[PDB]
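Colleague: Taken in sequence, the protein lines are chains A and B. Positions 247 to 346, 348 to 474 (the deposited numbering) are the ones given, in order, by the first sequence. Take 745 as the starting number for the second sequence in the deposited numbering and just add one per residue.
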Amino acid sequence: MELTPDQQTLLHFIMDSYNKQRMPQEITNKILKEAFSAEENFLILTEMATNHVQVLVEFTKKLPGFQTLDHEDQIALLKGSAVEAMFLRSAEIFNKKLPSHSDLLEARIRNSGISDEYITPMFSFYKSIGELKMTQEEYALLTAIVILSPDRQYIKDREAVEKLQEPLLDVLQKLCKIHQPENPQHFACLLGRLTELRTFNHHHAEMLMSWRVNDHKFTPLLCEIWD
Amino acid sequence: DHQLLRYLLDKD
Ligand SMILES: CC(C)c1onc(-c2ccccc2Cl)c1C(=O)N[C@H](C)c1ccc2ccccc2c1
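(1) Straight-line CA distance for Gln432 of chain A to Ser375 of chain A?
(2) Name, please, each residue of chain B whose Cβ falls closer than 7 Å to the Cβ of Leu324 of chain A.
(3) Do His298 of chain A and ligand 1 come close, with the Cβ less than 7 Å from some heavy atom?
(4) Short check: CB of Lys403 of chain A to CB of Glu318 of chain A, under 8 Å?
(5) Smallest Cα separation from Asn265 of chain A: which of A:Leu302, A:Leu291 and A:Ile273?
(6) May I have the straight-line CA-CA distance separating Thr446 of chain A from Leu334 of chain A, to the nearest angstrom?
(7) Following a CB-centred definition, is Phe259 of chain A positioned closer than 7 Å to any heavy atom of ligand 2?
(8) Three or more C-beta pairs under 8 Å: does that hold for the stretch 418-426 of chain A against the stretch 294-313 of chain A?
(9) Taking the alpha helix (DSSP H) that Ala407 of chain A falls in, what are its first and last residues?
Structure follows, in structure tokens:
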């Protein structure tokens with residue numbers, strides 16, 4: 247069992263672009279130096295979210311075929327995947343223990360003024376992802392599959408997005424057969440993680456709406472990206 | 745609408 251040269255090329259373009267994301271030093275130093283309070287902790291979370299959106303757009307632009315889609319469909323895909331992609335990257339950071348600093352960052356997220364209604368399913372999902380011992384190829388492919396979802400709202404030409412997502416699902420299933428021949432349900436488990444990611448959309452949107460204009464968490468820039 | 749995302753997508 248091997249990937250075809252066409253599949254190897256598609257995977258290499260995805261892997262190269264995914265490897266470009268790096269946690270900036272100034273954000274890392276903030277986790278180490280800032281006062282441990284709800285206000286300071288949330289401000290660090292906000293900075294991490296704005297850095298991730300920029301990273302996500304750069305990654306998405308290098309996805310084979312993304313730039314060939316209708317300009318408004320590109321926006322619709324970025325808008326619709328922003329939250330899911332952030333939780334998937336957060337799962338990767340948790341299970342790779344980044345900035346390495349990880350226990351301090353976890354302590355800040357748990358004391359940022361965010362309710363346990365949203366924090367508890369968050370860490371439960373990271374633990375669930377951790378159990379699958381996902382390779383970097385799996386994180387990158389899953390991120391590309393989340394972004395290139397043809398059933399997002401406001402997409403005009405859905406079959407165009409389908410033509411881009413289907414070869415990625417083909418590569419991912421092939422990598423499961425190559426690297427886990429003893430576990431035939433590994434691909435099904437990864438799909439299981441995709442549906443769990445989709446639940447963070449409602450949960451995250453509900454969390455966002457709840458923040459009052461006078462609350463320290465109220466952030467107009469966060470609202471614009473996430474909705 | 746979505747001015748930040750538009751800028752990020754269209755920049756070089
Ligand atoms: C595992 C844990 C240690 C963690 O590591 N990196 C992040 C991360 C990754 C990208 C962007 C931003 C962040 Cl913070 C992350 C985390 O828990 N992310 C979740 C989804 C979150 C929740 C609520 C937020 C509220 C306002 C802003 C960002 C948030 C982000």
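Every residue gets a Cβ at the ideal spot worked out from N, C-alpha and C, and that includes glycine.
Modeller: The short version:
(1) 15 Å
(2) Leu749 and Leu753
(3) yes
(4) yes
(5) A:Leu302
(6) 12 Å
(7) For ligand 2, the structure offers nothing, since it holds only ligand 1.
(8) no
(9) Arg405 to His426
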